[PDB]
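Notes follow the structure.
Residue numbers start at 1 and run along the sequence shown. Side chains included, hydrogens not; waters and symmetry mates left out as well; all remaining heavy atoms used. When a ligand or atom number is given, it counts from 1 through the structure's own listing order.
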Amino acid sequence: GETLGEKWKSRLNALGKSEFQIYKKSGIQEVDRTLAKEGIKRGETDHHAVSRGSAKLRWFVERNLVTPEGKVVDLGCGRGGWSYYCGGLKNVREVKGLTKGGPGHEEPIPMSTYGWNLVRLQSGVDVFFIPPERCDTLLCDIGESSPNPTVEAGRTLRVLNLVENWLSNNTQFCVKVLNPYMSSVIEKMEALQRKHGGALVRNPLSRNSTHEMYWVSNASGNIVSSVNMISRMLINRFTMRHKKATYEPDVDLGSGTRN
Ligand SMILES: CO[C@@H]1[C@H](O)[C@@H](COP(=O)(O)OP(=O)(O)OP(=O)(O)OC[C@H]2O[C@@H]([n+]3cn(C)c4c(=O)[nH]c(N)nc43)[C@H](O)[C@@H]2O)O[C@H]1n1cnc2c(=O)[nH]c(N)nc21
Ligand SMILES: Nc1ncnc2c1ncn2[C@@H]1O[C@H](CSCC[C@H](N)C(=O)O)[C@@H](O)[C@H]1O
């Protein structure tokens, strides 16, 4: 109780260690990352995605759920997986990625993937403190999980209020909604959808251990229904036995500069 998502979260928290690890990957999609990771380790800067995040964003983009263009701001860029992916997209002109980095968090990694010269990544930034800037696309992949969904709600609401500050009339967007099932977050998402449209969409590359959904600009659908469908899916997935992930090839981000 009281929402279905809360029931799922409690059941998730009650799992044994081995049971949790099995559950986390049951019937999900995964990216085949081995060779890309090995190449990056060796100092290779062409082709490779810096994280499995490039493929995660590619899933939204290839389905036109978000269509990055013009000036792209990537809030919480980490190593730069979303930023470098956008750097190669036809209608993108500029990508600014901003992230905490420092001890305990991923630092931006310099790469030479296609359109890298369009991408500027900055570490040591708290995005909640910086003045919003005009942008054509607003991306945000921030949200720290908690065993306590009330804590996640407080965090999620801060992200939602943040991104609201960066959106204009016709902004393309893709925003992680860490916990979309808590009543307070439902209420906020309904208001935001009234104002900016879009809808919440579940990415098949998300793990079963999170109820994250992404608010994407080029989608429609009732907030409550979209969230409850995912609550039911995640509950259904507890019942799977002897199941694991299905892999897909990673993204090839090419090489070279763009003018
Ligand atoms: C010290 O408390 C830990 C952290 O709050 C969190 C792990 O931190 P991390 O920064 O890796 O979190 P994420 O990157 O978002 O991904 P996870 O997929 O590991 O965590 C997402 C949620 O998944 C749950 N969880 C996460 N882990 C690692 C477990 C687990 O081992 N057993 C278990 N029953 N549940 C979990 C918990 O509700 C988490 O909020 O997971 C917690 N954790 C660790 N061991 C346990 C545990 O034995 N039970 C439990 N309910 N939570 C646990
Ligand atoms: N307040 C904040 N300011 C800047 N970055 C933040 C932040 N809160 C969390 N973050 C960062 O946001 C990052 C998410 S990185 C997520 C993956 C990224 N989209 C990729 O494709 O590689 C984490 O590194 C985290 O530390």
For ligand 1, which part of [X] has a heavy atom less than 4.0 Å away: the side chain, the backbone, both, or neither?
{"X": "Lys9", "answer": "side chain"}
{"X": "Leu12", "answer": "both"}
{"X": "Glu19", "answer": "neither"}

Nearest heavy atom to atom 11 (C) of ligand 2 wins, so pick from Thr99, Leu139, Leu57, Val159.
-> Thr99

Is the shortest N/O to N/O distance between [X] and ligand 2 below 3.5 Å?
{"X": "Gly81", "result": "yes"}
{"X": "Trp82", "result": "yes"}
{"X": "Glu106", "result": "no"}
{"X": "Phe128", "result": "no"}
{"X": "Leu98", "result": "no"}

When you look at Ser217 and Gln172, which way does the side-chain hydrogen bond (donor to acceptor under 3.5 Å, both in side chains) test go after all the steps?
-> CA-CA 6 Å; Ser217 47; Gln172 288 290 124; 3.2 Å; yes

Charged N to carboxylate O under 4.0 angstrom, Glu164 versus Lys188?
-> yes

Purely on distance, is any nitrogen or oxygen of [X] under 3.5 Å from one on ligand 1?
{"X": "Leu15", "value": "yes"}
{"X": "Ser146", "value": "yes"}
{"X": "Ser145", "value": "yes"}

Would you mind running through ligand 1 and noting each atom that sits below 4.0 Å from a heavy atom of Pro147?
-> 5 (O), 38 (O), 40 (O)

Are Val175 and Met182 in one and the same hydrophobic cluster, where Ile, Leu, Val, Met, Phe, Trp and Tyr link if side-chain heavy atoms are under 4.5 Å apart?
-> yes

Applying a 4.0 Å heavy-atom criterion (strictly less than), which segment of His105 is in contact with ligand 2: side chain, backbone, both, or neither?
-> side chain

Under 4.0 Å from atom 36 (C) of ligand 1, is there any protein heavy atom?
-> yes

Should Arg207 be listed as contacting ligand 1, given a heavy-atom distance under 4.0 Å as the test?
-> no

Would you call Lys24 a ligand 1 contact, heavy-atom distance under 4.0 Å?
-> yes

Element-labelled atoms of ligand 2 that are located less than 4.0 Å from some non-hydrogen atom of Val125 = 3 (N), 4 (C)

Quick note on ligand 2: atoms under 4.0 Å from a heavy atom of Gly53 include exactly 21 (O)

